[PDB]
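Chains as they are written, first to last, in PDB author numbering: chain K, 2 to 106; chain d, 46 to 79, 87 to 137; chain f, 86 to 107, 122 to 131; chain D, 4 to 212; chain U, 21 to 123. Where a beta carbon is used, it is the ideal one built from N, C-alpha and C, also for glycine.
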Amino acid sequence: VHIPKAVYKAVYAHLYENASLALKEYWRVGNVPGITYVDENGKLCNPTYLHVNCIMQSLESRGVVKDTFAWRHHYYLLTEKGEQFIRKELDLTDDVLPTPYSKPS
Amino acid sequence: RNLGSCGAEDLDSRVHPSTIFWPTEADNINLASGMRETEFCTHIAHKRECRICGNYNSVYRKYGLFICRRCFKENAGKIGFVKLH
Amino acid sequence: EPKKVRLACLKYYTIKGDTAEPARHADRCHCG
Amino acid sequence: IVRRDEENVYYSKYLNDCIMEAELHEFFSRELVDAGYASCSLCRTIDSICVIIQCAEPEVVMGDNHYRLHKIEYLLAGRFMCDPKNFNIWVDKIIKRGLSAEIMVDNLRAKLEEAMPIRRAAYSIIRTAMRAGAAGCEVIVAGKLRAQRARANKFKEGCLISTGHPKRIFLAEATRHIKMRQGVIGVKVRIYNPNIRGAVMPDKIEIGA
Amino acid sequence: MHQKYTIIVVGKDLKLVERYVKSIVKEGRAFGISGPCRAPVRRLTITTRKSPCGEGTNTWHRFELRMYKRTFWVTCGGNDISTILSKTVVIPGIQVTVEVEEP
RNA sequence: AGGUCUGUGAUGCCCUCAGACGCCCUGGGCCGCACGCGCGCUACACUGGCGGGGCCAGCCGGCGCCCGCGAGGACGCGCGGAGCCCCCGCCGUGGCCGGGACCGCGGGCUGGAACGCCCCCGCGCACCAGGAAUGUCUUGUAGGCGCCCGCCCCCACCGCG
RNA sequence: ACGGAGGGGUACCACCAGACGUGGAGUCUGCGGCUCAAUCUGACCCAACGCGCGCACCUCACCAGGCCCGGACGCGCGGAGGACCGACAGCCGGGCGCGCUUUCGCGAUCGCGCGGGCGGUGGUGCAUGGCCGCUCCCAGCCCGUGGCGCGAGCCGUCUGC
C-alpha cells in the first residue's frame, strides 16, 4: 500500500509502450518478471504483485483501462482517455503516440 | 534482534543448508521470480492448481496438464482429445 | 499502540549553527 | 535401440501449443463478440506466430489504421513470453453465416438481451438458416422465462440427426448462457447440413436408369 | 555442403500427416531424400468420471490423443544449408503440423 | 420437484462485510469405539507348505561399480521384462513347518516437522468350508496367477487397464 | 395407469442344467449410532454405503488462539509549522515492535464522515443454466393432404405371417 513513485512510473511507461498488461491473478508474495525499475535499489529490480494489483485496480475503477478475464490471467487495455492521461504524468506531449499505433513490423 | 546470538554448540545443530524441497509449482514465468513480510506466507508448499478454474482438488498432473477433471471435459475437444472406442 | 511525540526545534543542539549532530542507548538513526 | 526420453521433447512441445490455442479461443469468445468471432487456428512457425481468425466482418476488429489489432498483438506477447512483432494475426471472413451455429447464437443472445420476445427471435434465426441453405435447425430456451417455476420450450423445422459418427461432422451444435434479472437463461442451437464440403452421408443410394 | 540432416513431423490427424508426406517426398526426389520411418504411435489416455459428482451408476469417459510421427533424415549431403529451404517452401504448409529440422 | 449453489470471472434472492464467515500463521480433528452391515483381502491345507534349480507375457518399459544380511546408501553412465508352471528333495494328518492378527527391542526413507512406510529377531488370536437369507456367469468366458498407470513429499487389500 | 383378467412374445441385472461365490472367523475401507472442543459435510431400494481420484502441514470447510486491510471510485473536512507508517534494547507473551517504558527514523503512496464497492468451501438443487443418473441392457415418436366425429380424439401408426 506504500507504493513508491518509481513503480508508478515504470507501470505507466510499460503501459504506454505496449498499451497493454497481461497480468496474473496472484495474491501471494512474488515478483513480476516483466516490468522492472532501477531506483534506490540501484539496479533494475522487479516489483511485487500486491502493489501492481492495487494500482491496476485503481486504474480500472477510474475507467483508464478495461479488463477481460479469461482463465487465470487479467488482460487490461487502455482507452483514448487513458492515453490522454498517461501522457500527462510521463511529461509527454500530444504528438507522441504509443508504439502499436505504428506498425509492429 | 540483529545482534543476538547463541552458544556455538547451539549453532552447529542448525538445519541442513540445502534450502528446502518445498517450492511452489509455477507453470510459467508470469507467476514470480523467487513486519508482516516475515511470516505472511513463509509456509512454503506445493499449490498446484487448475490453470483454468484455480482449484487444488482433482488435478491431472499426468503429461504436465494441471487441469481439473470437471474443467476438462468441456475443453477436451478444443485441446484434441476425442471420445472414441 | 504507542503514540508519537510532538516535533520541535531539536536542531537547536547548536547555539548558532555549530553543526554538532548531523538518546539513551547509542543507536543509529534506524538500525543501530 | 532408441531412447524414449528425447522424442518426448517433441511430443511435449506439441501438447503445449494445443493448450495455448484454447486459452486464446476463450479470450476471443469473451472479447470479439462484436466482430462475430467464430473460431481460431494457429500455425506455429519456427520464426514467429501466424494466427488465422474467423470473423463475420473483420473490418470491425481490424480497426482503423489496424490500431486495435496491433494493440492486441503486443498484449499476447506479454503472456506467452514471445517477442512482439512475431505474433502476426491474419483475419479471415465467413460467407455462409447461416451454415454456422455460433454466429446465429450470438445474434440470438443479442436480440434476447434487448427484451425481444423469444419466439420471434428464434424463428428469425431459423428462417435465416433455411434461407442460407439448410436441411434443418433446432433451437431451445430453458430457464425462468415467466414464472418462478422453470420449464423449457423448443422450436424447430426440418429433420435433425442425433446418432452415429455423422453427428461429428454434419451436425454443428453451440450453446450460451444469459445472465438476466430473474436468473440464468440457457439457450442452445444445432444446424444440420448434409452437403457440406461435398461429403455424402451413408445410408444414401442414388441410381441411374 | 554436407551436414547429415533430420526432419521431424508431428501431428494428431492421420490425413494431413499422410498428405504433407506425399508432397515433401515428391519434391525431394532430386535431392536424394527417401521415404519415412513410421514410428510407434503415442497413445495418450485419460479416464474420467462422466459426472461432476458421485451419483447413480459409475460411468466413465475414455478420452485419448493419438500422435503420429514421420521422420525423414535422408537429406544429409544431398542438401546444403540453403537448399533445405527450397524443400520446406514448395510443400503445402498446413496450419497444424510442426516440422523440426536438426543435423 | 432424482444429484450437484462445496468446480469455475455460471448464476437470481437472503446473510457475512474492520474484535470479519474476508486472507495469512501455530497446534489439534476429520483415523476418536460396548455396538448393527455394504463392497473387498487373507485362510481353513497333501489337487498342499518349505529349500534349490530351469524357464516363457502384454498395456509397455533405464542401467553399471562399490558398501550393507536386508531395507537402503556413495559414486558414474545411457541402457532394459514375472508369477503360476516344470524338475530334484524335506515334511507326513498333529490348530504341526497350515494362518500370520496382536505385541516388544533395533536399523533406515520421506519430509521444515512422523502420528506415515520399509527391513531383522522374537511372540504366535480366531479359523476344521461357515444358519436363516442371497449375488454373478455361456470361449479364450468363469475361476486361479501376477504386471503397469490415477491420485501421491512416503503409502494400494482401491479403481481404470 | 392398473388388474391375484385373457392371447401372443422377450432377457443369466429372469429361471431350467451347472459352476464360482457371499452371509461363518481376522483384517482394509465406507456407512449409522456413542464420544469429544471439534470428531466439518453431501447422498438412504433397484436408481446412497473404495462414492464426491491417496486428510501429518496446505488440501479444509470444523475446534483453541493470534497479524493484515489487500476499505476500488466521487462530495465535505484536515493535512507537510508534518496525513500515514517502521525499528535497537528490556518485559509480557508459544513466537512477532502483537502489547507495555523511553526515541529515533520515513514522508501525502492520504485519513475522517457520507454514498458505493470487492470478496465469502455461507443458505436455498423445492428459484435456475450446464452436466450426469433413471424411466431405458427398451422400440418407439411425429408431419402435410384427405376422411370419421358437436367435441376431447380416431385412421394413417396392422386382432395375419
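Measuring alpha carbon to alpha carbon, tell me which of D/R33, D/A38, D/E9 and D/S44 ends up nearest D/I22.
-> That would be D/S44, whose Cα lies nearest to the Cα of D/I22.
Return no unless some Cβ of chain d is closer than 8 Å to the Cβ of D/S15.
-> yes
Beta-carbon neighbours of D/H28, restricted to chain d and to distances below 7 Å = In chain order: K130.
If you draw a straight line from the alpha carbon of U/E75 to that of U/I66, how long is it in whole angstroms?
-> If you draw a straight line from the Cα of U/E75 to the Cα of U/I66, it is about 20 Å long.
Please say whether d/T69 and d/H95 have beta carbons closer to each other than 8 Å?
-> no
Beta-ladder partner(s) of D/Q185, from DSSP = DSSP lists no partner for D/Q185.
Can you find a heavy atom of the ligand ADP that lies under 7 Å from the Cβ of D/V144?
-> Judged by which ligands are present, the structure shown has none, so any question about the ligand ADP falls away.
Apart from the five residues on each side of it in sequence, which residues of its chain come closer than 8 Å, Cβ to Cβ, to K/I56?
-> The answer, listed in chain order, is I4, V8, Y9 and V12.
Contacting residues, own chain, Cβ-Cβ under 7 Å from K/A14 (five flanking each side not counted) | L91
Can you tell me the Cα-Cα spacing of D/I49 and U/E121, whole angstroms?
-> 10 Å
According to DSSP, is D/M107 helix, strand or coil?
-> helix
When the distance is taken between beta carbons, is U/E119 closer than 8 Å to U/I53?
-> no
Please look up how many angstroms separate the CB atoms of D/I52 and D/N11, rounded, as I've assumed it's under 8 Å.
-> With 8 Å as the limit, D/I52 and D/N11 do not qualify as a contact, their Cβ atoms being about 24 Å apart.
Name the residues in the stretch 54-82 of chain K whose C-beta lies less than 7 Å from a C-beta of chain d; which are they?
-> The stretch 54-82 of chain K vs chain d, Cβ under 7 Å: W72 and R73.
Taking DSSP as the reference, what is the three-state secondary structure of D/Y195?
-> strand
D/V144 vs D/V192 beta-carbon contact at 8 Å | no
Evaluate D/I172 with the Cβ neighbour count: other Cβ atoms within 10 Å of its Cβ, from every protein chain shown; 16 or more gives buried, anything less gives exposed.
-> exposed
With a CB to CB cut of under 8 Å and the five nearest residues on each side skipped, what residues in its chain are close to D/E176?
-> Taking D/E176 as the centre and dropping the five residues before and after it, the same chain places the C-beta of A104, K191, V192 and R193 closer than 8 Å to its C-beta, in chain order.
Looking at the structure shown, is K/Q85 part of a helix, part of a strand, or coil, going by DSSP?
-> helix
Between the stretch 65-76 of chain K and the stretch 28-41 of chain D, do at least 3 Cβ pairs fall closer than 8 Å?
-> yes
For U/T91 versus U/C57, is the C-beta spacing smaller than 8 Å?
-> yes
CB of K/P101 within 8 Å of CB of K/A23, strictly = no
Determine, using beta carbons only, whether D/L163 comes closer than 8 Å to chain d.
-> no
Measure the C-alpha to C-alpha separation of D/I210 and U/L34 and round it to an integer number of angstroms.
-> 33 Å
If you measure beta-carbon to beta-carbon, which residues of the stretch 85-97 of chain U are closer than 9 Å to chain D?
-> For the stretch 85-97 of chain U, which is checked against every Cβ of chain D, the residues closer than 9 Å are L85, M87 and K89.
Chain-order list of residues whose beta-carbon lies under 8 Å from that of D/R47 (same chain, five-residue window excluded) = If you ignore the 5 residues before and after D/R47, its C-beta comes within less than 8 Å of the C-beta of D20, all in its own chain and listed in chain order.
Outcome for U/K46 when other beta-carbon atoms lying within 10 angstroms are tallied against a minimum of 16 | Exposed, by the Cβ-count rule.
Alpha carbon to alpha carbon, how far is d/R88 from D/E116? Give it in angstroms, no decimals.
-> 48 Å
Kindly list, in the order they appear in chain K, the residues whose Cβ is closer than 7 Å to that of d/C120.
-> Neighbours of d/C120 on chain K: none; closest Cβ ~12 Å, over 7 Å.
Could you please give me the residues that DSSP links to D/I143 through a beta bridge?
-> Bridge partners of D/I143: D/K157 and D/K191.
Could you name each continuous alpha helix (DSSP H) segment of 4 residues or more that falls completely within the stretch 77-130 of chain D, going from the start of the chain to the end?
-> 104-116
Considering only residues of the same chain and omitting the five flanking positions on each side of D/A155, which have a CB-CB separation below 6 Å?
-> Contacts found: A145.
Around the C-beta of D/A132, are 16 or more other C-beta atoms found within 10 angstroms, so that it is buried, or is it exposed?
-> With 16 or more other Cβ atoms from the protein chains shown falling within 10 Å of its own Cβ, D/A132 counts as buried.
Does the Cβ-Cβ distance between D/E26 and K/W28 come in under 8 Å?
-> no
Just by C-beta distance, which residues in the stretch 87-111 of chain d are closer than 8 Å to chain U?
-> none
Determine the extent of the alpha helix (DSSP H) in which K/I56 is found, giving its start and end residues.
-> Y50 to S62
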